[PDB]
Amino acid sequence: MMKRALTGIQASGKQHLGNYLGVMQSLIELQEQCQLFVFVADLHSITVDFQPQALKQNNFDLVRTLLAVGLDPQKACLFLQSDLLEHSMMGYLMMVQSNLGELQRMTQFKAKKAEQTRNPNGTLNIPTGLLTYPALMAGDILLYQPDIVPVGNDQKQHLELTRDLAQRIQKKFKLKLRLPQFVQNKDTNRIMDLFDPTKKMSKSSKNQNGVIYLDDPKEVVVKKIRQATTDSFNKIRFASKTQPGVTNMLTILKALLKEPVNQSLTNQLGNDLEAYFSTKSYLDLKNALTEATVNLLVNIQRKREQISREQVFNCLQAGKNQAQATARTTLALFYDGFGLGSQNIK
């Protein structure tokens, strides 16, 4: 039977369109085609200073967003990473099997260790979790032995490190494993920042006019898009390389039109966006983008509100058990191969 999918999402009041288009939107297709596993990666969130109050609120808020979006706990498995000690344990086996060198060359680590304060002596103060989390990820993946791992472009190096560790583990412990395959959305694998389209939309961006947050009110969405940096070539078409700004708004618009809401918008526009905007201004593009966007956000924020606390709890409670069903099986097999545990001596 059925092919398996695993993916994790970090919670944050900064959840944005890059996240939605990157993985969330395709979640509804996945739970129909695969045995889908999805979790709130709160063990990745605490790798930097954080407020326990904020963490709790966010973990709750993410589950509601995923539900408001269509993730069905009857068709898929949605859990909270920290609810399973199996994650910390598997993450640990991965960590002891990695070396500092490979972890230090990670691009995300470089660009992140550079995102923080220096001690009085001038040296950088880097929480250890920033260096090691990519091993936790490898473990989160391998615990469910999935066929694919749907993620955004930015997560490619991590998938590679994970396959290297899987092969490393397989070679040394002769453990029967399945190499997880990296899978990204052909079109929306990397939504760009609206202010500086040469950078991806990030929760970490200082300037917020470049990020469309999932909890941004319509008036804010309107202003941000109206100010989206374009270019002075006045030509609406897909040209990532030469017109990052316009191209970005264009591929976002295309992805939003597939949504039920926006049915009228996509009908009014036709399937050939370039042909439609052929005789129109950049302002006409921002206008259409602002409508598809507002429509989507208002419909997420709408449904997201209907989801209740109890609902979140029961959901996570069932996911916990379900996910833990396959996590224990896998960890147990690794224990055998590693020689860990006491049920290894008669």
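Counting begins at 1, following the sequence as shown.
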On average, which has the higher Cα B-factor in the deposited entry, 78 to 86 or 171 to 179? 171 to 179
As the entry reports it, the stretch among 304 to 312 and 31 to 39 with higher mean C-alpha B factor is 304 to 312
If I read the C-alpha B-factors straight from the PDB entry, which of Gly129, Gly270, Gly91, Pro197 is highest? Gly270
Among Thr293, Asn321, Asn299, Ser45 - the residue whose C-alpha B-factor is largest in the record: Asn299
Against its chain's modelled residues, does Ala68's Cα B factor rank lowest, middle or highest third? lowest
Tell me, lowest, middle or highest third: where does the Cα B factor of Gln51 rank within its chain? middle
Entry-reported Cα temperature factor of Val220, expressed as the chain third it lands in: middle
Chain-relative C-alpha B factor for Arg105 (record values, thirds): the highest
If you rank every modelled residue in this chain by C-alpha B factor, which third holds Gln157: lowest, middle or highest? middle
